[PDB]
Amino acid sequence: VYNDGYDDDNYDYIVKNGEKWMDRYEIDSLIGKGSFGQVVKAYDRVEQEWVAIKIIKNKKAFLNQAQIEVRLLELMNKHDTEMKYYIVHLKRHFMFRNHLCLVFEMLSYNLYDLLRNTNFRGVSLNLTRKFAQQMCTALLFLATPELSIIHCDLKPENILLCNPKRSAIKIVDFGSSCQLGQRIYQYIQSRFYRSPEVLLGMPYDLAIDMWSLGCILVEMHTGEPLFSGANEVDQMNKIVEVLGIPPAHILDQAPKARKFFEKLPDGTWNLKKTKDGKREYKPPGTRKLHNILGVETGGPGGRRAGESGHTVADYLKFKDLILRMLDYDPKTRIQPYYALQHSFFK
């Protein structure tokens, strides 16, 4: 009784291995499920190639959002820049049995899958560098004036390997993305990678992606997330643990500022008083990124100690660029063009 027997009770098209669609697509198997719906592996009998079909849920709310996602992907293809090689390519889309389907290029595993293969010990600084450089290029593509696309959900699971034996990557899942101004949501990023301006309920631009990328690169080398917030309040505190109290000029304009801080008569800002009055966090700015990365002590947990490619100078450059991506001020946060000119990329 769900789409004449084609959908389950959760608005998802029941994937039948071996089904042939529109005499063109030979569906192989289901790759995985997400909030939007499902992604399946399929062969295009026409192009004689493998593709990944993103099947949106048969529900108005999910359809209306995937329409924005399509227009954003089509607008990206209208700009034949080399930089969109770090964005996944949408080949075509169609409606099949009341489902909007997006035909993407076939890719490999996501960066979180990669971290799991290292037992979350992390990948090398050289690999992290290559991930960083491709990602800043992708962020610079979206920063193009005619585009001005905020991704809004950058996270390791949204960065895919083109091939499991190489370092090339592509950003996927633009389902939460918007163009500047046309921002429609206030609760947009994944907690672990949520920018302080979003946490504080302030206006946001394309810089929120840069913040997420900074959190991604640190996790890609250490293997564990930089800010493991169990909720919005725990998230904002774990950031303060590393970067200190947000500057007074940002907190003076944050609608949600009193969710995490209180203004002392001094004219200064400080964390709220936990009800229990107990210690759950380190004092602000006392959990140093210097020691998180193991700059002078052999890398994250001393794992890279005595190994090529992880010199003290290499970490000093890495820590500097990361601290520029983790700038509280979205207007001073390093932007993709100048991030690419950072000495960390030599």
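The numbering used is simple: start at 1 and walk along the sequence shown. The term rigid core refers to the most C-alpha atoms you can superpose between the two forms while keeping them within 1.5 Å.
Root-mean-square C-alpha deviation from the shown form, taken over all structures in 9 other deposited structures of this protein superposed by the rigid core, is larger for 182-190 than for the alternative among 209-217 and 182-190.
Between 218-226 and 76-84, the larger root mean square Cα shift in 9 other deposited structures of this protein, once each structure is superposed on the rigid core, falls on 76-84.
In at least a third of the other compared PDB entries of this protein that cover both flanking sides, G277 is left without coordinates.
The mean Cα B-factor in the deposited entry runs higher for 262-270 than for the other of 262-270 and 156-164. Taking the mean C-alpha B-factor of each stretch as recorded, 43-51 and 58-66 are not equal, and the higher mean is that of 43-51. You'll see in the entry that, of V172, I184, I150, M210, the Cα B factor peaks at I184.
Residue-level temperature factors show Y204 in the middle third of its chain, judged at the C-alpha atom. For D113, the recorded CA temperature factor ranks within the middle third of the chain's modelled residues.
Sort the modelled residues of the chain by CA B factor and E241 lands in the lowest third. Among the modelled residues of its chain, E105 has a C-alpha B-factor that falls in the lowest third, as given in the PDB entry. Among all modelled residues in its chain, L30 ranks in the highest third by Cα B-factor.
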